[PDB]
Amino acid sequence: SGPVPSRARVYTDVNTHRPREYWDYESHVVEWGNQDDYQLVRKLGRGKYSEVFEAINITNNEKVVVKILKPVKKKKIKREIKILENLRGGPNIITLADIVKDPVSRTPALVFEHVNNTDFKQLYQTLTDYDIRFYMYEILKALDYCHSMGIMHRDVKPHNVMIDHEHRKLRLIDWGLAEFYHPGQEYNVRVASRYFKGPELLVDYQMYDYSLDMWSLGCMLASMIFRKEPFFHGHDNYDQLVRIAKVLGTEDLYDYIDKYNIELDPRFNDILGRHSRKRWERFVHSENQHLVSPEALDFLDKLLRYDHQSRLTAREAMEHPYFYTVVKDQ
């Protein structure tokens, strides 16, 4: 057999000890609420699998968000519902408030708590150094919680982090790509958005884990402190790896793939080239230098590693000196 196997270094056996029904989402029996409780007000967006609306709950008069599914890959339906139910109440995880049958589409409609957020292209230009540290800690709370519950998000991106800046409140949304981690399981590499895909995805390595989410958060951090959106700006999936290699170097890339006995797609032969690892100071200039510190760079350096096993875990990340200046609640 070809590729060397891999395991999460934390929360490894979390699912294997749980009752079968916790992770066996296929068997879950959906509890339906009352569709007439809700009234659609404004369409907020169309995803790949769904349509999203601001609504209002008529029974309590409170604002709500309704995601109406478009079932073509029907398995993801029971998977997402079970994941949000398992995670409900956790820190900075969006609350699934109800599940109703939509009379028009005839499909499930997830009803979430309302969060009033601002556009990230507008918001990621405003964040002071202090505020980057604050919100990063808040994200980590969300990620450690779901990782501890045996769940990987697999789509961390600025779009999926809803932020109420006036109230300094944060929520991690869109659990449509989320999955239960089972040691030794082979996963689909076709997940996450292009700029936020970890090296494991890009080299076709299927036995990945929670550490996928940490590469992603790494990409977000780099874009914030350096003011460069996105940080790794690929034309496509292949060039995306080339973009990573121009920063982290090709020798460490070859070391990664060699450790796991993986073969790069031969398409890379004529496009990858030879690149040294860059020092993080090369991305610093007079416009972003107020967002950068020794601690910020060390922290970043420990998130953005090729080897998914060498990345900081969420809990270790919360232990980093980067977070010392941040006041905790309470």
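Numbers follow the displayed sequence, beginning with 1.
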Inset, instruction - Identify the stretch, either 257 to 265 or 24 to 32, whose C-alpha atoms have the larger mean B-factor according to the entry. - result: 24 to 32
Inset, instruction - Take the C-alpha B-factors listed in the entry for 163 to 171 and for 228 to 236, compute each mean, and give the stretch with the larger one. - result: 163 to 171
Inset, instruction - Would you mind finding, among 119, 155, 200, 252, the residue with the largest C-alpha temperature factor in the entry? - result: 119
Inset, instruction - In terms of CA temperature factor as recorded, identify the highest of 133, 141, 194, 74. - result: 74
Legend entry - Where the record places residue 309 (Cα B-factor, split into thirds across the chain): lowest
Inset, instruction - Sorting the chain's modelled residues by C-alpha B-factor, tell me whether residue 105 ends up in the lowest, middle or highest third. - result: highest
Legend entry - Ranked C-alpha temperature factor of residue 115 among modelled chain residues, by third: highest
Inset, instruction - Could you tell me which third, lowest, middle or highest, the C-alpha B-factor of residue 302 occupies within its chain? - result: lowest
Legend entry - Record-listed C-alpha B factor of residue 180: chain third: middle
